[PDB]
Amino acid sequence: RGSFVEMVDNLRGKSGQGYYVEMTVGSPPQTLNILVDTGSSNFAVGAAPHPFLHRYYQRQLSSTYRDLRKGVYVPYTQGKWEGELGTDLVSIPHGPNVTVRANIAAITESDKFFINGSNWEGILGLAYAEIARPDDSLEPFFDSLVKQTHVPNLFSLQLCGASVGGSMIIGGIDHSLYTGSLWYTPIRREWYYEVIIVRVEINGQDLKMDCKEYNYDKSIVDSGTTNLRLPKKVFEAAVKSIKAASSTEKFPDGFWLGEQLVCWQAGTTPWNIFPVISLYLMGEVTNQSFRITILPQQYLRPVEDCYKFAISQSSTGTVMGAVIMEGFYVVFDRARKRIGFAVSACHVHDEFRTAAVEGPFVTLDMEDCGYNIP
Ligand SMILES: C[C@]1(c2cc(NC(=O)c3cnc(OCF)cn3)ccc2F)N=C(N)SC[C@H]1c1ccccc1
């Protein structure tokens, strides 16, 4: 507990291409780089020579492979993958020293799934059974890990932005990875990592919307998404306020919609003109909340000095992607059904402002901020 030297820095990636951990599948062990995804629940790996791939799972080489003789078809709006379900022995070399029999979806056809130029060849879905494909009977990797070993029902993520790195601490918390205190928000329901936003501020100025709008139709913590995604009505309000606070320089309308990049001369980026963004989350106690605050260093991300505005509209509710997660050490405390936030020791800041986790605050009717099907 508290110190996990061997797991520090077990994550790498390229900007906008996600955060991956090294994993082994089969006997003898086949090494693969696997994207860490808190927004899905399948362990799914390339199993065929797709041209984008550095390597792939070769089931014929593994003596411990067991065929489940079942297909799986996984469409999304963003793209698709399909595969063949089986089990095999899985371990994480720079994680806990254990071997687990886990479900593996062997990917045999895909579209807009793998990224051309990326260094990963699979996905680790870290969310709950309820959103696993084809159904909730397919046990997720982390569920198998906890059931079969003595690894505690907890993991934490420190994602470090602006070639990227970070840590996945499996089974615990490393105190060197954060400054100040952890503050916990309850996991509303165990499917996605669902949370409730109770208040939103831009430079400490309340957006003054019905808090139900902030969570329409849900709010989730998702390492497999880049942007801070906000529901349409919230996005419009937030951008209006962001435009106002930054109005000392005018930018084209397309920039705020992510249709254009904006550029400055090397080293001259005017961070000071861009507001901080605060999300208040439901606390552990009745009428008690806490606030997480991110900088422009989190929401304006380098494209390679040119930047993309990485807050965008959603029809799937709030998505707290890498834009949020790069500011914070995030503790997915599955055993206590809660998520902890603390200021990340690796978050990108300047001499004037840092990311913040602050509380307690007094907020009434926080339960009403949750959305239910009418
Ligand atoms: C399953 C899925 C998914 C996500 C990613 N993500 C990334 O590439 C990525 C890139 N940058 C990030 O931060 C900054 F580095 C974070 N992540 C890659 C493949 C992938 F399957 N997970 C979701 N939670 S939402 C779309 C969904 C999806 C499903 C099918 C096709 C495409 C995406």
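Residues numbered from 1 in each chain as written, not as in the entry; some residues may be left out. Heavy atoms only, no water. Residues with missing side-chain atoms left out of burial classes, pairs and counts.

Its PDB header attributes the entry to X-ray crystallography and lists the resolution as 2.3000 Å.

What follows deals with the domain arrangement of the protein. Put simply, an interface is often sized by how much accessible area is lost when its parts join up. The domains assigned to the protein are domain 1 (19–151) and domain 2 (152–374). Each of domain 1 and domain 2 was reduced to a C-alpha centroid, and the two centroids are 28 Å apart. Here domain 1 and domain 2 share an interface that buries about 2,100 Å² over both sides, 64% of which is from carbon and sulfur atoms. When residues of domain 1 are sorted by the area they lose upon contact with domain 2, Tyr19, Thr38 and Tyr128 head the list and together hold 40% of the total. Along the contact surface separating domain 1 from domain 2 lie two salt bridges. For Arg189, the salt bridge identified is with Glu130, shortest N-O distance 2.7 Å. At the level of elements, strand 3 (30–37) and helix 1 (141–148) are the ones that each hand at least two residues to the side of domain 1 that touches domain 2. With four residues, the top contributor of residues to the side of domain 1 that touches domain 2 is helix 1. A breakdown of the residues in the side of domain 1 that touches domain 2 according to their chemical character gives twelve nonpolar, five polar and three charged. (Domains from an automatic or database assignment. Buried area = accessible area lost by both parts, 1.4 Å probe. Salt bridge = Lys/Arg side-chain N within 4 Å of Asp/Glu carboxyl O. Helix = DSSP H or I, 4+ residues; strand = E, 2+ residues; numbered from the N terminus. Nonpolar A, V, L, I, M, F, W, Y, C, P; charged D, E, K, R; others polar.)

The next point concerns the UniProt feature "active site" in the protein. In this structure's numbering, the residues bearing the UniProt feature "active site" are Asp37 and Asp222. Locating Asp37 in the fold gives a position in strand 3. Tracing the backbone shows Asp222 in the loop between strand 15 (219–221) and strand 16 (228–231). Its relative accessible area of 8% is what places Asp222 among the buried residues. Leave out the neighbours within four places in its chain, and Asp222 touches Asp37, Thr38, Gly39, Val319, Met320, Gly321, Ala322 and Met325. (UniProt positions renumbered as here; feature names shortened; annotations may be inferred. Buried < 20%, exposed > 50% of the residue type's maximum accessible area, 1.4 Å probe, protein only. Contact = heavy atoms within 4.5 Å.)

Right, let's talk about the pairing of strand 25 (residues 338–344) for a bit. Of all seven residues making up strand 25, seven are buried, and the element is well covered by its neighbours. Alignment of strand 11 (residues 178–186) against strand 25, held across six bridges, turns out to be antiparallel. Along strand 25, the bridge assignment pairs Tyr178 with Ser344. By the bridge criterion, six bridges tie strand 24 (residues 328–333) to strand 25 in an arrangement that is antiparallel. Residue pairing in the sheet places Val331 in a bridge with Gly340 of strand 25. Between strand 24 and strand 25, which pair antiparallel and follow one another directly, the connecting turn spans four residues, one of which, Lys337, has a positive phi of 55 degrees. (Pairing = 2+ DSSP bridges.)

What follows covers helix 2 (residues 232–245). Turn by turn, an α-helix covers 3.6 residues, leaving residues three or four places apart pointing in a common direction. Its 14 residues place the ends of helix 2 20 Å apart at the C-alpha level, agreeing with the 20 Å of an ideal helix rising 1.5 Å per residue. Turning to helix 2, its buried residues number three or more, namely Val234, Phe235, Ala238, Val239 and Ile242. Looking straight down helix 2, one finds its buried side chains confined to an arc of 125 degrees; they lie on one side. In this structure, helix 2 carries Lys233, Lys240 and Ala244 as exposed residues pointing more than 90 degrees from its buried face. (Expected span 1.5 Å × (residues − 1). Arc of directions from axis to C-beta.)

For the rest of this paragraph, the subject is the sheet that holds strand 22 (residues 311–314). The pairing of strands in a sheet happens through backbone hydrogen bonds and is either parallel or antiparallel. Strand order in the open sheet formed by five strands is 12-15-23-16-22, and the pairing between neighbours is mixed. Bordering the open sheet on either side are strand 12 (194–195) and strand 22, each of which pairs with just one other strand. Both strand 12 and strand 15 contribute to a ladder of two bridges, which runs antiparallel. Its bridge partner lying in strand 15, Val195 is registered against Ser219. Sheet strands touched by helix 2: strand 16 and strand 22. Its angle to strand 16, the strand with the most contacts, is close to 115 degrees. (Axes fitted to C-alpha atoms, helices over the stretch in contact; angles between N-to-C directions.)

So, about the site of the ligand. Inspection of the region around the ligand gives 21 residues, with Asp37, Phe113, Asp222, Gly224 and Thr226 positioned closest. Measuring from a nitrogen atom of the ligand, one finds a backbone N or O atom of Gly16 at 3.5 Å. The backbone of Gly224 places a nitrogen or oxygen atom 2.8 Å from a nitrogen atom of the ligand. Protein contact buries 91% of the 650 Å² of open area that the ligand shows by itself. The residue makeup of the shell around the ligand, split by class, is eight nonpolar, ten polar and three charged. Residues from two domains meet in the shell around the ligand; each of domain 1 (19–151) and domain 2 (152–374) gives at least three. (Near = heavy atom within 4 Å. Polar contact = N/O pair within 3.5 Å; in protein donor to acceptor, adjacent residues only side chain to side chain. Areas by Shrake-Rupley, 256 points an atom, 1.4 Å probe, with all protein chains shown as cover.)

Each pocket or cavity is described by its volume, and for the second largest pocket that value is around 330 Å³. Along the walls of the second largest pocket sit 19 residues, with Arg1, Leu154, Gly171, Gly172 and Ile173 positioned nearest its centre. (1 Å grid on protein atoms, 1.4 Å probe; cavity = no way out; pocket = protein on both sides within 12 Å on 5 of 7 lines; lining within 4 Å. Points joined across faces, edges and corners; volume = space filled by probe spheres on them.)

For the rest of this paragraph, the subject is the UniProt feature "disulfide bond" in the protein. Sulfur atoms bridged by a disulfide sit less than 2.5 Å apart; for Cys160 and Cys346, annotated as such a bridge in UniProt, the distance of 2.1 Å is consistent with the bond. A relative accessible area of 24% places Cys346 in the partly exposed class. (Disulfide = S-S within 2.5 Å.)

Turning our attention to the pattern of salt bridges. Taken as a whole and judged by the stated rule, the model has 16 salt bridges. With its nearest N and O atoms 3.9 Å apart, the salt bridge here joins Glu236 to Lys232. Of this pair, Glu236 and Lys232 both sit in helix 2, separated by four residues, roughly a single helical turn. You can call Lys232 partly exposed: its relative accessible area is 47%. Through salt bridges with shared partners, one network takes in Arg199, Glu201, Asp206, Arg291 and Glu358.

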